[PDB]
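See structure below.
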Amino acid sequence: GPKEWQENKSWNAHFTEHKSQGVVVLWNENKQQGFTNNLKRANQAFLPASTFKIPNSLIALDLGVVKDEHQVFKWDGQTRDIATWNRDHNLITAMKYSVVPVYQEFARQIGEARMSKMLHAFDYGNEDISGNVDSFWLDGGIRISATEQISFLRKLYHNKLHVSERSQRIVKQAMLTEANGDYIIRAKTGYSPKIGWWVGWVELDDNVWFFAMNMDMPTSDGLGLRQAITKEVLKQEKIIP
Amino acid sequence: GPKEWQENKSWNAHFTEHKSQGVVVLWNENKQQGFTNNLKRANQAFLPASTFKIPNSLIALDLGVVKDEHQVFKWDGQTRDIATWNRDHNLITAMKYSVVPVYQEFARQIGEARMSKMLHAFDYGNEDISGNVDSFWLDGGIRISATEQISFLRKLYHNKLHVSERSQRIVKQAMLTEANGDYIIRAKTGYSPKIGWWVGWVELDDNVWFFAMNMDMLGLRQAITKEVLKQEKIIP
Ligand SMILES: *C(=O)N1C[C@H](NOS(=O)(=O)O)CC[C@H]1C(=O)NOCCN
Ligand SMILES: *C(=O)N1C[C@H](NOS(=O)(=O)O)CC[C@H]1C(=O)NOCCN
Ligand SMILES: [Cl-]
Ligand SMILES: [Cl-]
Ligand SMILES: [Cl-]
């Protein structure tokens, strides 16, 4: 009989076309079956980098560190490399522009004790916050695989995480990336030395496709490949036109 | 002092180009200033038609007639003219395809007493539900102007309507029409005999522009509105 995770190695052509390697993991919610080009890499755990903004947002909201998605967090005045960071942000734009210093302040206000407790409740990756509370997802001990990202995202989609429904709805709003008459994408990118991420889902009229992809990234060039390669897989599988 | 409301008649060119006439009303949330090509028409009251799906959704959710955005409303098996209506729906797709029979069923379950009480609490238009409980927004006594649509939508945006915050968040999710790196549009279209509507808002990084347009009478509703938004440098 059929397997929970089916391997489709033909997607490697989309990584090969761009002289890269990685994994795309898809989960068809209606069919309760998953698909990936590399079963092994689907289960390899990596630093989450900026994809950690999803659980960080949930915890910050549930504890009231963030009151709502409209609350303004003033620029601390320090000019950083990414120009979109040097301005005031709310939760919506802090996600969209992946504004690390805003999220570092969230993490410091959450604190290590509550951060560890929440990640355990979320069953998130290896749950290891060793390092600094404001950088463990960038250079500390936490590791999460693409399949673990799917499991976490499915809980979020269904409001099943151990935080309020409100917190989950707000974060899903903040994840909005693209919407048209054909589909809605809610997702979060990430990048740390040598690995780029894109995780999220595609909402259709009568199904949801969760996705988690990571790929080798020798430099910061080709960050757009994260979405481009994923979309090539989504197009091949007739999920988007 | 400055004017809360300014008239810009140059937008009439966008209507005239299509041999039509109408009004676009814009509200700059940050500045607390509004703009329209026709001050009089901006404040004249019309049947809301399918733009009434916004308050109808809020009421159905708040009262528990609709449990959440996943609850399925089964097709009743009657083949109707709009093909996308001839299938099962949830709140998201019922809004998206403007599925009338689903919303007539909501209205019957809400009932006249609860519908009237909710519209009064919402300050919604003339608050008058006279007519059929399941069609008064298309052929009954209720009327609302474009500026009144904006006042209602601003309350919804800020979670200030009397219904639960949850209901307001769910409906705002169901209003999602378009999103990209430049803007998010949450809106609802409508058409009554001789009037087309598009009402909603454009979310930018650090401002929100509310809009309500109506025009004498379908893709022109969005196209004309977008020409105004482009002229005002709101969208690219
Ligand atoms: C997280 O992955 N970040 C923050 C930002 N995200 O951009 S995205 O890859 O387009 O999501 C830039 C990349 C990455 C970092 O490099 N963060 O570490 C820098 C800490 N200031
Ligand atoms: C509401 O305005 N409706 C339902 C449907 N909405 O489509 S939209 O204008 O694209 O949002 C079609 C038009 C309108 C009607 O109910 N029209 O049918 C009138 C016959 N009772
Ligand atoms: Cl981050
Ligand atoms: Cl309707
Ligand atoms: Cl949304």
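Each chain of the structure tokens is named A, B, ... in the order shown, its residues numbered from 1; ligands are numbered from 1 in display order.
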Neighbours of residue A:24 within 7 Å (only C-alpha atoms; same-chain residues fewer than 4 positions away dropped), as an mmCIF file with N, CA and C atoms, in the first residue's frame?
data_model
loop_
_atom_site.group_PDB
_atom_site.id
_atom_site.type_symbol
_atom_site.label_atom_id
_atom_site.label_comp_id
_atom_site.auth_asym_id
_atom_site.auth_seq_id
_atom_site.Cartn_x
_atom_site.Cartn_y
_atom_site.Cartn_z
ATOM 1 N N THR A 36 8.166 14.491 -1.374
ATOM 2 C CA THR A 36 9.449 15.173 -1.256
ATOM 3 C C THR A 36 10.444 14.576 -2.244
ATOM 4 N N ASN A 37 11.423 15.387 -2.647
ATOM 5 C CA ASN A 37 12.467 14.914 -3.552
ATOM 6 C C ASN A 37 13.611 14.204 -2.833
ATOM 7 N N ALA A 212 7.581 22.970 3.128
ATOM 8 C CA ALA A 212 8.791 23.400 3.808
ATOM 9 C C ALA A 212 9.937 23.052 2.877
ATOM 10 N N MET A 213 10.747 24.050 2.534
ATOM 11 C CA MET A 213 11.892 23.826 1.668
ATOM 12 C C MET A 213 13.133 24.404 2.320
ATOM 13 N N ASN A 214 14.259 23.728 2.116
ATOM 14 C CA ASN A 214 15.552 24.333 2.404
ATOM 15 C C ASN A 214 16.530 23.971 1.297
ATOM 16 N N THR A 230 10.542 26.561 -5.074
ATOM 17 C CA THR A 230 9.296 26.067 -4.495
ATOM 18 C C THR A 230 8.145 26.210 -5.480
#
Worksheet entry | ligand 2 neighbours within 8 Å using only C-alpha atoms and all ligand atoms, as a ChimeraX atom specification | /B:48-51,97-100,138,188-193,196-197,218
Worksheet item: Could you name the residues that touch stretch 126-141 of chain A at 6 Å or less, counting only C-alpha atoms, but leaving out those on the same chain fewer than 6 positions away, as a PyMOL selection string?
Response: chain A and resi 48-49+104+107-108+112+119-120
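Of the listed residues B:154, B:67, B:108, B:89, the one whose atoms come nearest to chain A is B:89, with distances taken using only C-alpha atoms.
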Fill in: Within 7 Å of ligand 3 (only C-alpha atoms and all ligand atoms), residues as a PyMOL selection string
chain A and resi 49-53+98-100+103
